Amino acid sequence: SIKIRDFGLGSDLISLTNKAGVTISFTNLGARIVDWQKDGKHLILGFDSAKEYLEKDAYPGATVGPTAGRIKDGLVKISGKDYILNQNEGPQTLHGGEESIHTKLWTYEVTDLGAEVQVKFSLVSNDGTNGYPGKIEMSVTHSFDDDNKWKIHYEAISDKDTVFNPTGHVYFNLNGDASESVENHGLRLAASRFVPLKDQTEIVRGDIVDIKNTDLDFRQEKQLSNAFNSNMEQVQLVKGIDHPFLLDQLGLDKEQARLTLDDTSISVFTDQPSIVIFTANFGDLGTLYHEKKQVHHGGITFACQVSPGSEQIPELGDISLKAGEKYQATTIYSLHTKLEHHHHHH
């Protein structure tokens, strides 16, 4: 079933329920996921109205871009030309600059395919917006099916050579309560290397480091506390995790990550080369989610994209987008029950 209602400020809330009774919801404000529940428990973090997003934190569950992450000094090189983008975090351009796409009302259309329902959100990024050459016609399609798979499909075409590498900023918290840390979750992630940050400004250091056998190695499932409790310089630097992990094997076919709590698991599939993991290292900020004060480590993202820093570390990729060339990216989060035995205590 599909249901729609106003969500505030002129935005809408589109709620879907599949045949298994799982419900998921999105808003056109930032083409974003608002909630995902199983048996009345929230699987992700979200608010109850549009205004909260705008007043508390506008990133959660959003489509962010045109370029996800931080670009050192807002400087990109496009077809031999230097361009300075909006700098909204000191001299850095973070998540596309200020008042970016995650803050806009996108138009949308719903397509009912029976076992699958699609919500295609559209938006045009005008030429020059936040310094990006364009115009860029973008669309983000969120779909949910009878097999509990939530899929995000991005498409984009630009009138001019530009840069594009958006991502989805959902935060998971299988506790279903923001006030409960995710250190009790089990994590498996198919990555042998990571990208360290230079310092507190969070730009990339310039090197790629092997994490095998460190507290950041999750090739084999381990509890998140292992990382949170780590005194590794990088962990101490950000007070948790806030890094790109380079996937060892690429392809939409491989389960790249799996997050488990008790009998529930979320599997991550993507055609992108890296996953940026940020564990809500907000300290005592205490943003209220459904009236619960969020705790430090009260959430985790799996933002799949081309790793940030490719400006300095070309080995990471090329996010350029040629005029007329069709960009496409696909990320899938699938929900499972009793996938494995995970019975722990913290």
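When you see a residue number, it is the position in the sequence shown, counting from 1.
- Taking the mean C-alpha B-factor of each stretch as recorded, 253 to 261 and 166 to 174 are not equal, and the higher mean is that of 253 to 261.
- Stretches 283 to 291 and 26 to 34 differ in mean C-alpha B factor, with the higher average recorded for 283 to 291.
- Of the candidates 203, 241, 246, 101, it is 203 whose Cα B-factor is highest according to the PDB record.
- Which of 314, 65, 298, 61 has the largest Cα B-factor in the deposited entry comes down to 314.
- Among the modelled residues of its chain, residue 118 has a C-alpha B-factor that falls in the highest third, as given in the PDB entry.
- Ranked against the other modelled residues of its chain, the C-alpha B-factor of residue 159 as given in the entry falls in the middle third.
- For residue 318, the recorded CA B-factor ranks within the highest third of the chain. Only modelled residues enter the ranking.
- When all modelled residues of the chain are sorted by CA temperature factor, residue 48 is found within the middle third.
- Residue 153: CA B factor lies in the highest third for its chain, per the PDB record.
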